[PDB]
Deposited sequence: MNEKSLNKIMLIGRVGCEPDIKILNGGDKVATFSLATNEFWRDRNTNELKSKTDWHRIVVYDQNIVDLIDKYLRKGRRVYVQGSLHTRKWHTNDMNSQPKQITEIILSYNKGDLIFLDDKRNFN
């Protein structure tokens, strides 16, 4: 028991790659894709800077995996909502981190936009 917390990330952008669908030992499927969003802003100069961010989306929700399998293609615009989680991993010699947006059973959402 830790204290209750909120951890919610909402994104709207474009799919950068063709989603990968893996099957877990047991049948359960997982889907994986990359989503681009952008910002733009003037420097503190008025010169005019831009930034694209690539978010790794990992989907465990079986119904949404299916929808991604059937319909989701590189270049599609989607809304994605989940939780933001970082994991370490080692490779036989410090650990590397990745950060992933996770869509679990009954907690995530995906809406096809375009």
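Trainee: Should a student be asked to find the unmodelled regions, what ranges of the deposited sequence would be the right answer here?
Mentor: Holes in the chain trace, numbered from 1: 45, 95-97, 119-124.
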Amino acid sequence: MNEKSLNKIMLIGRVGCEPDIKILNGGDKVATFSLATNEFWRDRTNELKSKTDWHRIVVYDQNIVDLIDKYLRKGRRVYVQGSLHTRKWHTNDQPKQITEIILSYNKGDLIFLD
From here on, numbers count along this sequence of modelled residues.
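Trainee: Mean CA B-factor: is it higher for 18-26 or for 5-13?
Mentor: Comparing 18-26 with 5-13, the higher mean C-alpha B-factor belongs to 18-26.
Trainee: For the C-alpha atoms alone, is the average B factor greater in 77-85 or in 63-71, going by the entry?
Mentor: It is 63-71.
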